[PDB]
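Novice: One structure follows; several queries about it will come next.
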């Protein structure tokens, strides 16, 4: 029953986080089910492939005509107040694109927020087989 809703980009913040206008409110969104290397790591700062993951997410959302967010069936925000969602740029899921490119791993999954888990895991297996980026 997952449905997509429109949103407007405000700012990409990191590989795994984008700020969007949603239902007329600015909101920070964390991409569901993926871990990217970070530029804003609480303890490490800027990890390896972090600038790259960050640039990938940025370009993909900044250059899209349409951004949509899709909540999963469980919790829609985390303990930091970030929305938890799948983000689409012109119909293409940003979460999957990162994983397919070897710029994210599939995260530890917490049910029931696991609807696209298999699909993402499939893309991660492919990126690993192609030895892309993080897997190189």
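Chain A is numbered as in Swiss-Prot; shown residues: 88-223, in order.
Even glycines carry a Cβ here, placed using N, Cα and C.
Relevant sequence annotations retrieved from Swiss-Prot are reproduced here:
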{"type": "BINDING", "residues": "103, 122, 123", "note": "Ca(2+) binding site"}
{"type": "ACT_SITE", "residues": "117", "note": "active site"}
{"type": "ACT_SITE", "residues": "125", "note": "active site"}
{"type": "ACT_SITE", "residues": "169", "note": "active site"}
{"type": "COMPBIAS", "residues": "203-219", "note": "compositional bias 'Basic and acidic residues'"}
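Structural setting of the listed features?
Specialist: Non-local contacts of residue 103 (Ca(2+) binding site) by the CB criterion (under 8 A, 6+ apart in sequence, same chain) comprise 117, 118, 121, 122, 123, 125, 140, 144, 191. Mapped onto three states, the DSSP output places residue 103 (Ca(2+) binding site) in coil.
Classification of residue 117 (active site) by DSSP places it within a strand.
Just so you know, the Cβ of residue 125 (active site) picks up 20 other Cβ atoms within 10 Å once every protein chain is counted.
Non-local contacts of residue 169 (active site) by the CB criterion (under 8 A, 6+ apart in sequence, same chain) comprise 104, 114, 115, 116, 117.
For the compositional bias 'Basic and acidic residues' (203-219), same-chain residues at least 6 beyond its ends with a Cβ under 8 Å from one of its own Cβ atoms are 119-121, 173, 180, 182-183, 186-190, 192-193, 196.
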Novice: Suppose the Ca(2+) site is 103, 122, 123. Which further residues of the same chain have a Cβ inside 8 angstroms of that site's Cβ centroid?
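Specialist: Neighbours found: 101, 102, 118, 121, 124, 125, 140, 185, 191, 192, 194.
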Novice: Within 10 Å of the Cβ of residue 123 (Ca(2+) binding site), how many other Cβ atoms can be counted across all chains shown?
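Specialist: Result for residue 123 (Ca(2+) binding site): 26 other Cβ atoms within 10 Å.
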